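In what follows, a structure is listed as structure tokens, so that the remarks can point back to it.
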Amino acid sequence: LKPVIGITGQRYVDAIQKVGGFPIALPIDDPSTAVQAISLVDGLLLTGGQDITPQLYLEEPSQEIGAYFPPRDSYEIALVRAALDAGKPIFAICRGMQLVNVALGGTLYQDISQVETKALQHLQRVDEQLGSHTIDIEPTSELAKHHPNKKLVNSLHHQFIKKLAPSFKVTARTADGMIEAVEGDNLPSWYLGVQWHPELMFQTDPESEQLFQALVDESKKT
Amino acid sequence: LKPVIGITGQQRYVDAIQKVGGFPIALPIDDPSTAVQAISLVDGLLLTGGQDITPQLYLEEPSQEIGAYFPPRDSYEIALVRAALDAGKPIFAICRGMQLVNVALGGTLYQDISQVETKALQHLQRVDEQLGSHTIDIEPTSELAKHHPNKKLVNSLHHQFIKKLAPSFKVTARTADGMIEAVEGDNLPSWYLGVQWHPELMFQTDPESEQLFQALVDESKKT
Amino acid sequence: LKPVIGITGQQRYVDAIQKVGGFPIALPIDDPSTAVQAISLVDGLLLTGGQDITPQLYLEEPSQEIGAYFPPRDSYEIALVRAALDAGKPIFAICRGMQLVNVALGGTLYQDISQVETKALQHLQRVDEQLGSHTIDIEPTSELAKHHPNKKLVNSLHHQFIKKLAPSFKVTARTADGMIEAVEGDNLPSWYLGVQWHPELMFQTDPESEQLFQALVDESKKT
Amino acid sequence: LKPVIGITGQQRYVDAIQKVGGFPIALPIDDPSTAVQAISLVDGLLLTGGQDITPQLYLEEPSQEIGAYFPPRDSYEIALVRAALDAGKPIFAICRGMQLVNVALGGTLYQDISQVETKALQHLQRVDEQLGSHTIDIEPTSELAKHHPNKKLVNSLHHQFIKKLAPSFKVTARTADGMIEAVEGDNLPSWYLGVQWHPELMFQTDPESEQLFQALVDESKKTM
Amino acid sequence: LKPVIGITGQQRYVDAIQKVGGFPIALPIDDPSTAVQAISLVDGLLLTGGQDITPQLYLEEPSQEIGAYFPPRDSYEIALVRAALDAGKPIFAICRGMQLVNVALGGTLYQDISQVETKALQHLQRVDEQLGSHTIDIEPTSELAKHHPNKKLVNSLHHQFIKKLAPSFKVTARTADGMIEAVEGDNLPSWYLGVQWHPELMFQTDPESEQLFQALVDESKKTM
Amino acid sequence: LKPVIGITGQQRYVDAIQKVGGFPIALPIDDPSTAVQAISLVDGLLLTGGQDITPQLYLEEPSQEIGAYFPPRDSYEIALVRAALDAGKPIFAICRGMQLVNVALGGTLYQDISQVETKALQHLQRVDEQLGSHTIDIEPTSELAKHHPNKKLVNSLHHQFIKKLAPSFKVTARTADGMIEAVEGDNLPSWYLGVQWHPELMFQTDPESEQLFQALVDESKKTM
Amino acid sequence: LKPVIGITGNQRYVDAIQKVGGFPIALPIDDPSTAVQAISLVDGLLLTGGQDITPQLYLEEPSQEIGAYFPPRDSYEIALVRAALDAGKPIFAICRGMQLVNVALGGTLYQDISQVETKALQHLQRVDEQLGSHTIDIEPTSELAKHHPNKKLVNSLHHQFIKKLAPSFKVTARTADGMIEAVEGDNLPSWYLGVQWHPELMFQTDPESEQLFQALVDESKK
Amino acid sequence: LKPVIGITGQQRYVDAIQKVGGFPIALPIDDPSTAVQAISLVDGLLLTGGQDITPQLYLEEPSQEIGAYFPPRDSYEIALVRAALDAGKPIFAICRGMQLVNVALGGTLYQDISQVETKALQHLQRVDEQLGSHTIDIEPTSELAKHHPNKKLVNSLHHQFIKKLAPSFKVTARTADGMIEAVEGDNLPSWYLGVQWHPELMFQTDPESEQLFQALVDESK
Ligand SMILES: [Mn+2]
Ligand SMILES: [Mn+2]
Ligand SMILES: [Mn+2]
Ligand SMILES: [Mn+2]
Ligand SMILES: [Mn+2]
Ligand SMILES: [Mn+2]
Ligand SMILES: [Mn+2]
Ligand SMILES: [Mn+2]
């Protein structure tokens with residue numbers, strides 16, 4: 001049959017389904033249940049959503065932070081950990097890439113207004129299915145295998161990765177230097193973290209679809 | 001380690017299953033052919049409420065008073081119901097769910113309350129979703145009888161009803177207007193309970209309602 | 001010190017009682033068993049408007065045209081009137097309140113205007129809530145007649161009506177369609193006036209309406 | 001008979017009091033002269049959240065950052081706390097409540113977050129009301145300490161804060177912010193606890209939060 | 001010093017009168033007693049659309065399908081037509097207005113289109129309010145005939161209708177369902193025209209409709 | 001180069017034409033007299049959905065259950081089909097469009113589903129617009145049959161129907177309730193296909209639907 | 001009979017007049033040339049609140065913080081005030097009104113509260129519009145001081161203020177802001193009181209506010 | 001027959017063209033390669049208001065304050081103007097339309113009013129859109145001068161402005177702001193008038209604004 005992909009909590013399930021995987025949605029559950037959750041799947045897909053609980057990366061909530069739901073963050077961190085434990089592949093999107101970062105000691109900017117240098121627009125008003133800002137890609141990256149340098153991708157976020165967690169490296173950044181893609185460095189599992197929303201572009205962007213195909217393939221290798 | 005309950009594509013359903021000790025997994029709508037793999041991933045299947053069932057599935061054209069439906073969901077769930085019965089794994093169906101099971105195995109539905117021959121009671125309650133609104137007579141011999149006493153008060157959020165009951169099923173509860181509110185199997189390859197109301201919206205307040213979900217999970221553990 | 005008037009839980013009701021010299025407190029819905037204590041706190045009781053009365057309370061299942069209802073409120077207000085009657089304290093009921101007193105003592109009601117045998121007039125007026133809309137005939141020998149003249153224009157914001165009158169009560173007012181607009185007591189331990197309209201919305205501009213609250217306070221003044 | 005708790009004028013509040021064995025009644029807004037009668041009806045007093053407190057009451061005109069406010073309410077609650085203090089009955093103030101008591105006794109407020117000298121933390125959380133959002137430091141010796149451990153996460157739905165603490169009170173909790181989150185009385189004629197957060201929205205899911213209301217009721221039946 | 005037209009109550013009405021050369025004034029709702037003082041300020045009266053007429057004014061309790069109504073408004077408008085009549089000043093009634101005049105002189109109305117014994121045509125058009133929706137047959141010998149040809153398309157935005165026509169009036173136009181669309185006067189102390197439709201919404205793109213307002217003004221500076 | 005398709009007026013219709021190889025241009029509503037100039041620059045005419053056709057066009061006054069209509073569009077489109085017929089250019093009509101053609105040539109319509117003598121199936125589907133809802137029987141010898149199999153499920157977003165079919169046309173599709181879903185011409189100077197449903201909302205996910213627009217473009221190409 | 005008070009338009013103002021004995025008349029917007037005929041129909045003129053005055057009328061272009069304005073209303077009301085002064089008829093202006101009068105005679109305004117050099121107080125209250133929010137200081141020898149005590153609480157509903165007072169006028173009231181809340185005529189051909197607030201929303205609950213309309217009526221019959 | 005005016009995309013522009021004697025047709029967004037066929041169908045081109053032009057087209061990345069943009073529309077309209085010029089067909093551009101032709105030929109834009117050196121006047125008026133709001137200074141020798149008098153009140157519904165003017169153009173109108181409100185061509189192959197305001201919303205109640213449309217169809221004739 002098909003490799004099972006656990007999607008954390010529609011365009012995400014269409015993406016997996018189009019690429020040959022069998023998607024199941026993991027509801028928010030208690031952290032201790034993460035191990036059972038990950039045993040059910042071959043790969044993990046972290047979805048977009050709301051800002052991450054600030055206490056999780058040792059910060060109290062700033063006036064500019066949006067809504068956040070602690071139970072979700074706790075559960076996903078446990079999923080990330082259990083997934084790394086089993087060496088299963090991980091594809092993270094938007095907040096998802098920021099969650100993996102918080103999970104292993106990193107930090108975030110709570111709001112775009114807190115970046116020292118003037119940032120570009122990362123909350124595009126342009127149709128979400130289209131790219132708004134240009135990214136530079138590390139040539140030797142996994143990203144590099146699927147997207148050409150200077151590709152335009154969408155953006156729907158007001159938070160950014162501040163301190164990058166140890167054991168990762170930045171593979172994509174916009175012209176304002178903000179981190180748009182992260183990959184693993186000596187990690188037990190294959191990992192691609194993207195700041196944009198490829199599940200909104202794939203229906204009209206072959207290259208975006210390939211990121212999902214990549215996850216399913218890696219899940220097949222297991 | 002908790003038994004896996006597949007929840008058909010909402011939150012109050014995962015809460016109920018977690019409260020009772022099961023590990024819920026939400027099954028997205030997928031191609032009917034993936035139903036076997038889906039069921040292979042779980043020990044029990046919980047069918048949730050939702051839109052009216054595609055009438056063509058019970059060989060009827062859409063009447064003017066039918067609501068919205070989505071063929072892809074119906075197709076997939078019918079497939080799930082079947083892969084489940086084949087596996088002998090337990091099934092719990094709620095509202096639309098009880099109606100889908102009935103359609104999956106050859107029964108029919110009343111497309112709207114105005115089509116019942118008799119003027120039925122209100123089944124789309126305006127009362128708080130968590131509170132019961134209409135009393136049900138229950139067959140003392142049934143599985144339901146083990147969890148709810150006769151004349152139990154349950155909620156109601158629907159405008160369609162089971163018309164012709166599919167073979168190998170017994171009606172287990174009706175409201176004063178004689179409308180089918182609960183259905184159990186008869187000689188079926190797997191344990192089954194279908195209620196027309198929404199226990200997932202009452203279990204936080206009604207321990208008896210919780211027993212229904214607890215029953216599903218206990219049966220599911222049997223594998 | 002002023003008499004304490006317990007208002008059943010709406011700002012216009014507290015305005016009316018304050019303007020007439022009483023000290024109002026709002027009683028939240030609570031368990032029936034606290035009704036005794038609640039009443040001990042007041043000198044008079046005021047039943048306000050709100051949702052329809054749960055049908056099972058007068059032995060009927062919910063019909064299709066019944067609006068929303070909330071069992072704990074009716075259950076509590078029923079316990080309240082019984083504790084008020086038992087203590088001989090005055091009771092002034094408005095709209096939903098008059099209907100609740102009727103059901104509390106064994107009465108019945110029409111679940112919707114559509115269900116009345118003869119075609120009724122408008123009772124859910126569209127005219128500004130403060131203005132009277134339908135004319136009522138008043139019984140000359142009643143409590144109502146002391147403050148309201150026959151053929152008085154009264155407002156209306158309801159869709160249910162009193163069906164069968166409870167024992168120990170007499171109908172004091174009706175609209176041209178024969179529908180009950182006012183109910184008074186007969187051989188009961190308390191001073192009772194139940195009006196089907198909303199005087200709290202008219203008093204700030206209809207001195208006659210204000211007198212209905214003045215009555216409740218004075219009657220309560222008997223302590 | 002249960003102790004009667006007068007709740008100043010929502011459902012969550014009555015839910016909390018009932019869950020703790022008290023018999024609540026809501027005291028609608030009335031003329032200040034009736035506060036005495038009002039309090040003569042209860043054994044305990046519970047002040048609830050709501051609109052900003054009228055600025056003039058703490059000798060200030062309205063800054064263009066202030067929200068709505070209804071003077072008639074402030075007056076009534078003021079008299080209400082006075083009659084409660086004089087009657088020696090226990091008081092529990094929530095959000096707006098804690099600020100009114102402060103004002104009723106000479107204290108002052110910040111008309112808005114933007115007006116605090118140093119950037120404050122978020123106090124009008126976007127996290128659902130039932131959950132705690134910011135961490136608070138609690139005085140180990142405080143009454144609050146008896147029911148809440150230090151560093152407890154607490155919710156926040158406010159844009160004003162106490163500025164100058166009315167005398168005869170002591171702050172018992174603050175956020176990393178320095179902002180005042182809890183106030184207890186210093187040798188007052190009655191038991192008192194004012195919290196800046198919303199425990200009525202937390203008790204259904206936070207056992208410790210239920211205890212604050214339990215305290216009021218236990219303290220209410222103590223007197224009487 | 002153009003004709004002063006009093007407009008009861010409406011911006012399109014003021015636009016209609018202003019384009020026709022009159023000086024419009026808006027008469028607020030006042031006590032019926034002030035009606036004479038009101039009409040003295042004007043040379044012409046224009047009754048506009050609005051809510052349904054209070055049912056008791058024509059001896060009827062409110063029907064289940066009757067819409068909203070405002071007694072004060074009806075009371076004042078009736079005293080307004082009587083005063084306008086005494087002074088022999090011209091009156092132009094629109095929609096609700098034509099119906100009020102009727103009720104003012106002892107006529108009745110259907111409380112709702114569903115009450116008509118024969119199935120009526122649509123009179124509450126979903127068509128652009130500026131365009132005509134139903135065709136009307138006009139009395140070739142009527143005032144209306146001098147300004148509108150027969151079978152012209154006119155708009156419609158009403159749910160009530162004239163039932164029994166008050167004496168001293170005549171029907172000047174009807175739709176194919178027999179409903180009354182225009183009322184003229186017989187031996188009335190003043191010029192009168194009441195249409196059931198909304199010409200103030202059509203005159204901007206319908207010359208014929210502008211003519212009716214022109215008639216009211218011509219008739220007003222024909223009494224000054 | 002590409003065949004030009006004049007689209008009467010949304011986006012999905014232009015998407016359909018563009019996907020199929022035609023160059024679409026939207027023809028705004030204009031004066032009937034400009035109809036021949038309009039058809040002169042296009043190779044094919046696509047009539048889109050929209051409001052009900054003004055009843056006056058088929059000799060009926062508006063029923064209470066008729067919806068909104070806009071005379072100028074109907075007149076212009078009428079002028080368009082006539083000019084298109086005179087040029088022998090292909091015409092594809094959708095929903096309202098098929099009903100406008102019927103009226104233009106002398107047919108009639110039921111103003112509302114409630115007026116059909118026999119209970120009709122649902123034609124204003126609640127299922128999302130993109131999916132079929134009712135099954136249609138197709139005339140095996142029809143043009144439609146070259147693209148759709150019998151019993152094909154098609155969508156429905158209408159409350160009006162063809163009553164009396166204009167002469168020189170034949171019905172080629174109906175739903176189990178007998179209502180007309182597709183009309184074709186015979187001996188007409190132009191290729192013509194009229195469907196009651198909305199193929200533009202299904203073509204993105206229903207190849208057969210796309211064929212309908214393909215046929216229009218293929219045919220408009222044969223005339224060059 | 002009863003004094004005919006002309007009320008300028010785009011209901012509480014009507015209520016105020018009627019209760020005080022005047023007979024209100026609504027003056028729709030018309031051409032400036034008709035102001036003479038309009039005033040000739042009344043004994044008193046009441047200028048009501050509304051939109052900001054078009055900036056050009058006081059020789060300024062629209063700034064980004066200015067709200068909506070409708071030139072026809074303004075032009076007509078300016079002609080209205082001129083015809084009133086000519087006929088010596090009394091004038092009572094409210095909110096926008098007091099501002100129009102000041103513009104019609106050469107004065108200027110602050111296009112927005114943000115453009116004031118001194119941080120002003122709140123003049124667009126969130127409080128029940130029927131209640132007063134900010135305390136005003138009243139001039140002892142004021143026509144206003146004859147109806148309102150000093151330090152009275154009054155309401156607000158504006159974001160624009162009078163900048164430069166116009167000739168023949170004296171500032172009668174001010175909030176601790178310094179902002180002007182009332183202006184009176186000085187050597188003017190007619191009685192004039194202009195209040196920045198909305199007494200028409202308080203009069204039903206503040207007897208003193210009722211006096212202001214009483215003054216206009218009395219002064220009008222004379 | 002009448003001169004055909006292709007309208008890019010809006011009912012008021014159609015009304016404008018019809019009121020003035022032209023036969024309008026709406027050109028929906030299509031692929032750039034189809035622009036030449038589009039212009040071959042028309043006698044004149046009318047560029048309409050709409051969303052901000054995408055940043056990259058004038059070699060810039062999106063600032064936090066740009067509004068929404070739709071690359072396909074910009075791509076097609078640019079191909080459209082290029083085709084119109086090759087054919088020498090007249091062009092009348094309105095609002096974003098003026099900015100699109102500017103970027104089309106090398107120009108630049110201010111992504112938002114807050115990015116201008118000085119505090120600009122209000123250019124997103126709250127006044128009824130049919131009325132003028134800010135007075136513009138017009139060049140006495142302007143083609144624009146032939147229809148509008150200097151110090152003319154004109155409407156405004158935009159938050160972006162022309163920054164660097166493209167070559168072969170000249171500014172013909174400015175608000176007391178210094179902000180460019182009208183542009184005309186300098187030795188361009190076709191007749192051209194670019195306006196920052198929305199005359200199609202004023203012509204109903206402003207004879208001069210109608211003249212701008214009449215001027216387009218007369219050139220297209
Ligand atoms: Mn981004
Ligand atoms: Mn039911
Ligand atoms: Mn009634
Ligand atoms: Mn806080
Ligand atoms: Mn009509
Ligand atoms: Mn159909
Ligand atoms: Mn002010
Ligand atoms: Mn501008």
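The way I read the labels, and the way they are meant: chains A, B, ... in the order of the structure tokens, residue 1 as the first residue of every chain, and ligand 1 as the first ligand shown, with later ones counted on from there.
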
Got a sec to tell me which of segment 124-213 of chain G DSSP assigns to strand (DSSP E), as JSON, numbers by chain? {"G": [134, 135, 136, 137, 138, 153, 154, 161, 162, 169, 170, 171, 172, 173, 174, 175, 180, 181, 182, 183, 184, 185, 192, 193, 194, 195]}

Just the selected residues (N, CA and C atoms), exported as a PDB file, in the first residue's frame, please.
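As written to disk, selection-v9.pdb reads:
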```
ATOM      1  N   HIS G 134     -15.575  64.826  30.065  1.00  0.00           N
ATOM      2  CA  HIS G 134     -14.530  65.755  30.484  1.00  0.00           C
ATOM      3  C   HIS G 134     -15.065  67.064  31.074  1.00  0.00           C
ATOM      4  N   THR G 135     -14.418  67.530  32.140  1.00  0.00           N
ATOM      5  CA  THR G 135     -14.826  68.758  32.816  1.00  0.00           C
ATOM      6  C   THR G 135     -14.351  70.003  32.079  1.00  0.00           C
ATOM      7  N   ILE G 136     -15.246  70.982  31.939  1.00  0.00           N
ATOM      8  CA  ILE G 136     -14.921  72.237  31.264  1.00  0.00           C
ATOM      9  C   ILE G 136     -14.872  73.403  32.245  1.00  0.00           C
ATOM     10  N   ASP G 137     -14.029  74.381  31.921  1.00  0.00           N
ATOM     11  CA  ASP G 137     -13.881  75.596  32.709  1.00  0.00           C
ATOM     12  C   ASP G 137     -14.714  76.624  31.957  1.00  0.00           C
ATOM     13  N   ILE G 138     -15.661  77.241  32.652  1.00  0.00           N
ATOM     14  CA  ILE G 138     -16.535  78.228  32.040  1.00  0.00           C
ATOM     15  C   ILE G 138     -16.206  79.650  32.479  1.00  0.00           C
ATOM     16  N   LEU G 153     -19.375  68.572  34.047  1.00  0.00           N
ATOM     17  CA  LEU G 153     -18.983  67.436  33.231  1.00  0.00           C
ATOM     18  C   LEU G 153     -19.837  67.482  31.978  1.00  0.00           C
ATOM     19  N   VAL G 154     -19.190  67.439  30.822  1.00  0.00           N
ATOM     20  CA  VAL G 154     -19.910  67.498  29.563  1.00  0.00           C
ATOM     21  C   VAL G 154     -19.403  66.391  28.626  1.00  0.00           C
ATOM     22  N   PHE G 161     -10.937  70.249  16.195  1.00  0.00           N
ATOM     23  CA  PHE G 161     -11.098  71.370  17.107  1.00  0.00           C
ATOM     24  C   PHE G 161     -10.884  72.697  16.401  1.00  0.00           C
ATOM     25  N   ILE G 162     -11.323  73.767  17.052  1.00  0.00           N
ATOM     26  CA  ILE G 162     -11.116  75.097  16.503  1.00  0.00           C
ATOM     27  C   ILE G 162      -9.654  75.412  16.791  1.00  0.00           C
ATOM     28  N   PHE G 169     -15.476  87.057  18.076  1.00  0.00           N
ATOM     29  CA  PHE G 169     -15.825  85.936  18.944  1.00  0.00           C
ATOM     30  C   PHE G 169     -14.886  85.776  20.132  1.00  0.00           C
ATOM     31  N   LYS G 170     -15.431  85.239  21.215  1.00  0.00           N
ATOM     32  CA  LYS G 170     -14.647  85.009  22.409  1.00  0.00           C
ATOM     33  C   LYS G 170     -14.820  83.570  22.872  1.00  0.00           C
ATOM     34  N   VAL G 171     -13.713  82.925  23.229  1.00  0.00           N
ATOM     35  CA  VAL G 171     -13.768  81.553  23.716  1.00  0.00           C
ATOM     36  C   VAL G 171     -14.437  81.602  25.090  1.00  0.00           C
ATOM     37  N   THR G 172     -15.512  80.838  25.235  1.00  0.00           N
ATOM     38  CA  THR G 172     -16.311  80.810  26.456  1.00  0.00           C
ATOM     39  C   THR G 172     -16.016  79.655  27.402  1.00  0.00           C
ATOM     40  N   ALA G 173     -15.561  78.537  26.847  1.00  0.00           N
ATOM     41  CA  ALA G 173     -15.256  77.370  27.659  1.00  0.00           C
ATOM     42  C   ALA G 173     -14.075  76.597  27.097  1.00  0.00           C
ATOM     43  N   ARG G 174     -13.396  75.868  27.975  1.00  0.00           N
ATOM     44  CA  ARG G 174     -12.235  75.066  27.605  1.00  0.00           C
ATOM     45  C   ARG G 174     -12.091  73.860  28.536  1.00  0.00           C
ATOM     46  N   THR G 175     -11.574  72.751  28.006  1.00  0.00           N
ATOM     47  CA  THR G 175     -11.341  71.568  28.825  1.00  0.00           C
ATOM     48  C   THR G 175      -9.923  71.760  29.347  1.00  0.00           C
ATOM     49  N   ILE G 180     -10.955  74.414  22.949  1.00  0.00           N
ATOM     50  CA  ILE G 180     -12.162  75.196  23.181  1.00  0.00           C
ATOM     51  C   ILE G 180     -13.434  74.364  23.050  1.00  0.00           C
ATOM     52  N   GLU G 181     -14.296  74.491  24.052  1.00  0.00           N
ATOM     53  CA  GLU G 181     -15.546  73.751  24.110  1.00  0.00           C
ATOM     54  C   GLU G 181     -16.777  74.625  23.905  1.00  0.00           C
ATOM     55  N   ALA G 182     -16.596  75.942  23.939  1.00  0.00           N
ATOM     56  CA  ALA G 182     -17.715  76.856  23.737  1.00  0.00           C
ATOM     57  C   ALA G 182     -17.258  78.224  23.244  1.00  0.00           C
ATOM     58  N   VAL G 183     -18.027  78.786  22.321  1.00  0.00           N
ATOM     59  CA  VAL G 183     -17.726  80.093  21.759  1.00  0.00           C
ATOM     60  C   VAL G 183     -18.996  80.935  21.759  1.00  0.00           C
ATOM     61  N   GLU G 184     -18.855  82.217  22.080  1.00  0.00           N
ATOM     62  CA  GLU G 184     -20.001  83.112  22.100  1.00  0.00           C
ATOM     63  C   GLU G 184     -19.765  84.302  21.193  1.00  0.00           C
ATOM     64  N   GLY G 185     -20.851  84.942  20.780  1.00  0.00           N
ATOM     65  CA  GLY G 185     -20.725  86.091  19.913  1.00  0.00           C
ATOM     66  C   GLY G 185     -20.182  87.290  20.664  1.00  0.00           C
ATOM     67  N   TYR G 192     -25.511  84.412  20.075  1.00  0.00           N
ATOM     68  CA  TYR G 192     -24.820  83.204  19.643  1.00  0.00           C
ATOM     69  C   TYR G 192     -24.100  82.399  20.708  1.00  0.00           C
ATOM     70  N   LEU G 193     -24.436  81.111  20.758  1.00  0.00           N
ATOM     71  CA  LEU G 193     -23.805  80.167  21.675  1.00  0.00           C
ATOM     72  C   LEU G 193     -23.384  78.940  20.869  1.00  0.00           C
ATOM     73  N   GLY G 194     -22.111  78.575  20.988  1.00  0.00           N
ATOM     74  CA  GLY G 194     -21.586  77.421  20.280  1.00  0.00           C
ATOM     75  C   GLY G 194     -20.899  76.492  21.259  1.00  0.00           C
ATOM     76  N   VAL G 195     -21.376  75.257  21.339  1.00  0.00           N
ATOM     77  CA  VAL G 195     -20.799  74.284  22.251  1.00  0.00           C
ATOM     78  C   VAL G 195     -20.202  73.113  21.477  1.00  0.00           C
TER      79      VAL G 195
END
```

Chain F contacts on chain B, only C-alpha atoms, 6 Å, as a PDB file with N, CA and C atoms, in the first residue's frame:
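What landed in result-v2.pdb:
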```pdb
ATOM      1  N   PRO B  62     -32.484  14.082  -5.621  1.00  0.00           N
ATOM      2  CA  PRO B  62     -32.641  15.117  -4.594  1.00  0.00           C
ATOM      3  C   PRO B  62     -33.985  15.847  -4.613  1.00  0.00           C
ATOM      4  N   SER B  63     -34.686  15.825  -3.484  1.00  0.00           N
ATOM      5  CA  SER B  63     -35.954  16.525  -3.399  1.00  0.00           C
ATOM      6  C   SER B  63     -35.627  17.979  -3.081  1.00  0.00           C
ATOM      7  N   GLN B  64     -36.621  18.853  -3.207  1.00  0.00           N
ATOM      8  CA  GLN B  64     -36.421  20.272  -2.948  1.00  0.00           C
ATOM      9  C   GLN B  64     -36.039  20.585  -1.510  1.00  0.00           C
ATOM     10  N   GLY B  67     -30.908  18.823   2.131  1.00  0.00           N
ATOM     11  CA  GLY B  67     -29.857  19.782   2.407  1.00  0.00           C
ATOM     12  C   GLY B  67     -28.635  19.532   1.549  1.00  0.00           C
ATOM     13  N   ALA B  68     -27.497  20.058   1.990  1.00  0.00           N
ATOM     14  CA  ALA B  68     -26.256  19.881   1.268  1.00  0.00           C
ATOM     15  C   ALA B  68     -25.682  18.493   1.550  1.00  0.00           C
ATOM     16  N   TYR B  69     -24.992  17.942   0.557  1.00  0.00           N
ATOM     17  CA  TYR B  69     -24.338  16.643   0.690  1.00  0.00           C
ATOM     18  C   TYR B  69     -23.014  16.672  -0.065  1.00  0.00           C
TER      19      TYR B  69
END
```

Counting only C-alpha atoms, which of D:31, D:15, D:60, D:200 gets nearest to chain G? D:60

Surroundings of ligand 5 up to 7 Å, based on only C-alpha atoms and all ligand atoms, as a PyMOL selection string: chain E and resi 123+134+155-158+181+196-197

Go ahead and compute the interatomic distance for atom CA of residue 193 of chain E and atom CA of residue 34 of chain E, in Å to one decimal.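 One can read the atom CA of residue 193 of chain E to atom CA of residue 34 of chain E distance as 24.1 Å.
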
Work out how far apart atom CA of residue 75 of chain D and atom CA of residue 91 of chain D are and give it in Å to one decimal.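 Between these atoms lies a distance of 17.0 Å.
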
Pick out the residues no farther than 9 Å from ligand 8, counting only C-alpha atoms and all ligand atoms, and list them as an NGL selection string. :H and (95 or 121-125 or 133-134 or 136 or 154-159 or 161 or 174-175 or 179-181 or 196-197)

Select all residues from chain C having any atom no more than 12 Å from an atom of chain B (counting only C-alpha atoms, ignoring ligands), output as a PyMOL selection string. chain C and resi 51-57+59-72+111

Selected residues written out with C-alpha atoms, as an mmCIF file, in the first residue's frame:
```cif
data_model
loop_
_atom_site.group_PDB
_atom_site.id
_atom_site.type_symbol
_atom_site.label_atom_id
_atom_site.label_comp_id
_atom_site.auth_asym_id
_atom_site.auth_seq_id
_atom_site.Cartn_x
_atom_site.Cartn_y
_atom_site.Cartn_z
ATOM 1 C CA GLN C 51 -37.379 31.579 26.499
ATOM 2 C CA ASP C 52 -40.257 29.116 26.081
ATOM 3 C CA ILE C 53 -40.974 26.670 28.903
ATOM 4 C CA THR C 54 -39.564 23.143 28.536
ATOM 5 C CA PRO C 55 -42.567 21.109 27.290
ATOM 6 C CA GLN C 56 -41.986 18.006 29.410
ATOM 7 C CA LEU C 57 -42.929 20.161 32.406
ATOM 8 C CA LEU C 59 -46.251 16.571 29.879
ATOM 9 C CA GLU C 60 -45.588 17.340 26.217
ATOM 10 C CA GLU C 61 -42.727 16.500 23.866
ATOM 11 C CA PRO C 62 -41.226 19.389 21.813
ATOM 12 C CA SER C 63 -43.234 20.264 18.713
ATOM 13 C CA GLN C 64 -41.543 21.516 15.542
ATOM 14 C CA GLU C 65 -42.518 25.136 16.136
ATOM 15 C CA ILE C 66 -41.219 25.401 19.704
ATOM 16 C CA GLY C 67 -38.351 27.793 20.220
ATOM 17 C CA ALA C 68 -35.435 27.339 22.599
ATOM 18 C CA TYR C 69 -35.963 26.388 26.246
ATOM 19 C CA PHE C 70 -33.698 25.770 29.246
ATOM 20 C CA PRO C 71 -34.795 23.144 31.855
ATOM 21 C CA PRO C 72 -32.782 24.419 34.861
ATOM 22 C CA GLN C 111 -46.299 25.674 21.888
#
```
